[PDB]
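For reference, the structure is listed below as structure tokens.
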Amino acid sequence: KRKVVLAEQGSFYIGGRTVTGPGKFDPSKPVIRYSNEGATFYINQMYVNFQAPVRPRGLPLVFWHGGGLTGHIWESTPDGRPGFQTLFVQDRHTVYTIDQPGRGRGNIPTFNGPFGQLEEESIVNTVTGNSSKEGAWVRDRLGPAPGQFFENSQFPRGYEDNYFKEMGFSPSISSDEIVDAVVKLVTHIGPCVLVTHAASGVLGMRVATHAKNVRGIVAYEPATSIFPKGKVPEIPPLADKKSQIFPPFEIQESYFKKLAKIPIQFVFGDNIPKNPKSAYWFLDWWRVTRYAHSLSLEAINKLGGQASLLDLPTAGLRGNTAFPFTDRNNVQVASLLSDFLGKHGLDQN
Amino acid sequence: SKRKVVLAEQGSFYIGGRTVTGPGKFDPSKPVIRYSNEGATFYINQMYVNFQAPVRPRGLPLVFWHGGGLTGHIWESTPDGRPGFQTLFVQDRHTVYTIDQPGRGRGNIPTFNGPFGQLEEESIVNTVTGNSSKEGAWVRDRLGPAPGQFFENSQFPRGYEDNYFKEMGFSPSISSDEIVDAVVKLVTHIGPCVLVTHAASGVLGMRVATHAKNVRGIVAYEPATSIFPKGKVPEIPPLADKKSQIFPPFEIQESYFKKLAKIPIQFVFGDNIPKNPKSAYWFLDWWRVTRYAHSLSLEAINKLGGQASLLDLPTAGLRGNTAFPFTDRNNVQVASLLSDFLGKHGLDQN
Ligand SMILES: COC(=O)c1sccc1S(=O)(=O)NC(=O)Nc1nc(C)nc(OC)n1
Ligand SMILES: COC(=O)c1sccc1S(=O)(=O)NC(=O)Nc1nc(C)nc(OC)n1
């Protein structure tokens, strides 16, 4: 189950821009300590890894990690089982995994000075944000409170340290620049399928509207809904009657309609409440967020699309967290992704 | 195919690090976003590790450790897309580990809710960062004597400059002790292994070996900081500008330094390091004196009974290598010399 035969593998950087410091660089002057004088800095570039099987079939898959993550989540589970990278190379697809700008091997744009500041210009904010272990526990629905697990959980219990160690902060890079890097990758690859997660859900939807080479999207537990500009439906607050979900992203309808040209599937795990849950903020957040996504998919279908919502429990899989592709039943989750690719001819040459 | 690779298994994991905690308690009924330090536990300073194991490995696993401001990408592929040492050594029947050290790449960058690196009143890492420029890295890596210029003999993959410089970035001020600690813990997990280091990781790998008997050999590409027994740093001249110096050598207790005499150690240097003072080109002159300091470090190890050697690639007939010989155009020939070292000491046998 672990063996993999690669026709080729490797990695590369793509995307990004340059910014410059004042003055001119003099090679006769001390180069250390590093200074901004005469400096050119490459910023906001993306890291890309690929593994190609012998005799690929169908389209390459681009796996795009969620917020605060890296391509690690597609390589292995926290307990060391094969991730989707291995499983899909075995399924005869070329697999790309990225570390988006600002994450992992992608660039973090900082210089000589306070974090993110190049002389007088703020490239990214000096003040950061980052989830705690406790916040991520409830966000990912391991259980209702830190330390607790839902009954029949598919989380790899005992590997909490491994799991939380994979997560971290992201600097305040413009989402436009993150989308731009992936558009450039899609142009380089050719026709492909995006597989997104959490924060990358909305970003992958945006990429597809700019890149006809995106031939399909599967989004695991996307975090932000998307609608045509001025056509956001009524969405209730959370059960605390104070909080809201993430403000839906609005795009021009001419771009939104591109989403109707390709098959799109949103995948949700288990333990999202049907009814208001005022005691557990992130559980209720998921209830309302999933509802908003259902309306987003309906809007795509009203433009002639083929957009679906797969709740894993309806397919017979119980206990999944917000990372179904690293849960204990991730082979079964992968089988459902293979089913989607096959139905839509994305596994054929 | 030169590009084909057969893996018995591959994967990645996190190892090492500690935790820090914010004030107060976490209440799951209160808004979790925007994220707060209240009731927060943060995992910090952990390391990312990738492994690829061939079918029927022969010899010891290799642990490739990137230089300063880099990641494991440099062992995966060259900037022009040719196979890196990860592929070459899995093809040479070694299990290959590649790391992103704490503070780099997929390793942790310890920051929270607040100014960079600050957890309430505690500074975990500095808010003020440092970072090389393209121009500084060009001359540091000896692509040529000045930015935009190549040595005539260069092995650099010209035309892929943007790709190359895009792989580099800043490092937060994590203590070197905590970086060494993470790799010691990895070596404990792996068992007997060989460290292959580069530039800033050279001195760190030397330190790891003094703490971890599982390190059975070291090959260091263009190490940046020399190491000596405490109180026994030899006289090292200033640079040709008469004012600058090389990196202050790291000093360790002699009982630890002596552990370096128990394993084979090779330092590998590329080309275009001047023999004579060169005041017009600061980093060329810096490499001249740094290489000299390393020669004295290796001699100190050998006087204690060691097996330490310096390989200048031009003496092996390879001309034009930069400070990243393992991504240069002749990196297959560089890899052959690494295979030769492993074979000489039986590190390629079970
Ligand atoms: C891995 O988990 C995530 O990725 C998820 S899932 C629910 C929440 C989160 S998260 O951490 O909160 N990330 C984000 O989705 N980040 C984010 N945050 C804001 C305020 N706006 C936007 O864009 C609209 N994205
Ligand atoms: C590939 O890049 C490097 O790795 C190299 S090589 C020559 C120089 C460099 S570098 O940038 O300067 N790195 C470091 O070696 N980092 C570093 N820098 C200072 C000021 N002190 C200490 O501590 C001993 N380490």
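Counting starts at 1 for both ligands and their atoms, in listed order. Order of the sequence lines sets the chain letters (A, B, ...), proteins ahead of strands, with each chain counted from 1. FYI, side chains are in, hydrogens and waters are out, and symmetry mates aren't considered; it's all heavy atoms of this structure.
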Got a sec: does the CZ of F150(A) have more than 12 other heavy atoms crowding it under 6.0 Å?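 Correct, the count exceeds 12.
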I'd like to know whether NZ of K277(A) has more than 12 heavy-atom contacts from other residues, nucleotides or ligands below 6.0 angstrom. no
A200(B) to ligand 2: N or O pair under 3.5 Å?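 Yes, at least one N or O pair falls under 3.5 Å.
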Flag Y34(A) as yes when one of its N or O atoms lies below 3.5 Å from any N or O atom of ligand 2, and as no otherwise.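 Yes, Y34(A) has an N/O under 3.5 Å of an N/O on ligand 2.
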When you check the side-chain N and O atoms of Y43(B) and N108(B), is any donor under 3.5 Å from an acceptor?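 Distance-only check fails for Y43(B) and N108(B).
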Non-hydrogen atom of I33(B) closer than 4.0 Å to ligand 1: yes
Please confirm whether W286(A) comes under 4.0 Å of ligand 1, counting heavy atoms of the residue only. yes
Taking only heavy atoms of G67(A) into account, list the atoms of ligand 1 that are under 4.0 Å away from them. 1 (C), 3 (C), 4 (O)
Under 4.0 Å from a heavy atom of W285(A): give me the atoms of ligand 1 that qualify, with their elements.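 Counting atoms of ligand 1 from 1, those under 4.0 Å from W285(A) are 7 (C), 8 (C).
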What residue and atom, counting heavy atoms only, is the protein's closest point to atom 3 (C) of ligand 2, and at what distance?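 It is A199(B) CB, 3.4 Å.
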Would you mind finding which of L69(A), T224(A), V32(B), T289(A) brings a heavy atom closest to atom 24 (C) of ligand 1?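 Considering heavy atoms of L69(A), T224(A), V32(B), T289(A), the nearest to atom 24 (C) of ligand 1 sits in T224(A).
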Tell me which one of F324(B), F250(B), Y221(B), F247(B) gets a heavy atom nearest to atom 17 (C) of ligand 2.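 The residue whose heavy atom sits nearest atom 17 (C) of ligand 2 is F247(B).
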Answer with side chain, backbone, both or neither: which part of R139(A) has a heavy atom less than 4.0 angstrom from an atom of ligand 1?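 It is the side chain that gets close, since no backbone atom is under 4.0 Å.
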Is there a donor-acceptor pair under 3.5 Å between the side chain of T322(B) and the backbone N or O of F156(B)? no
Given the options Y221(B), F165(B), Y164(B), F324(B) meets ring pair (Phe, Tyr, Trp, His ring centres under 6.0 Å) only with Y164(B)
Assess whether a salt bridge exists between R142(B) and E222(B), defined as any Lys/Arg side-chain N lying under 4.0 Å from an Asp/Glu carboxylate O. yes
Passes salt bridge (charged side-chain N to carboxylate O under 4.0 Å, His left out), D240(A) versus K30(B)? Steps please. CA-CA 9 Å; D240(A) 64 4; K30(B) 295 310 199 223; over 6 Å; no
